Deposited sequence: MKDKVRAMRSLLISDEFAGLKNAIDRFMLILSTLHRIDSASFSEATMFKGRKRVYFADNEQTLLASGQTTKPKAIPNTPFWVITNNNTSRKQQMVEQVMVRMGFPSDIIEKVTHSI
């Protein structure tokens, strides 16, 4: 887990992440990165209100105004009809389930 923590820390100080001025894109890059780091763990944590799916329609079936969006470089979709607080909670839920320690989770969610 220490190397996974290191990867999330590396994201937070990366040029790509720093350049993002909007919460939605930071949210998305965080999710993409979590999947990159451990796709199996990410899959379990997200497929476990429904926030995530492996297709757009499932999320539209949950609600027509959920504004589902594809998580880049993954097979997954996430609802985006939400504020930054809710985005933070979603990322926390995922990262807790994937086994991350709270310290890095706080830094990652605060960055959204």
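Comparing the deposited sequence with the modelled residues, the single stretch lacking C-alpha coordinates is 49-52.
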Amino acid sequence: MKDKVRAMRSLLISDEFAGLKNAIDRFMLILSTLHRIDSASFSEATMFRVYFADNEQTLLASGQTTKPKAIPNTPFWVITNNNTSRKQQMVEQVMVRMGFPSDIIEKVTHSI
From here on, numbers count along this sequence of modelled residues.
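Two stretches are in play, 79-87 and 30-38, and the higher mean C-alpha B-factor belongs to 79-87. Look at the C-alpha B-factors of 93-101 and of 16-24. On average they run higher in 16-24. Among the modelled residues of its chain, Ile71 has a C-alpha B-factor that falls in the lowest third, as given in the PDB entry. In this PDB entry, the Cα temperature factor of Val108 sits in the bottom third of its chain's modelled residues, the lowest group.
Sorting the modelled residues of the chain by their CA temperature factor places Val5 in the middle third.
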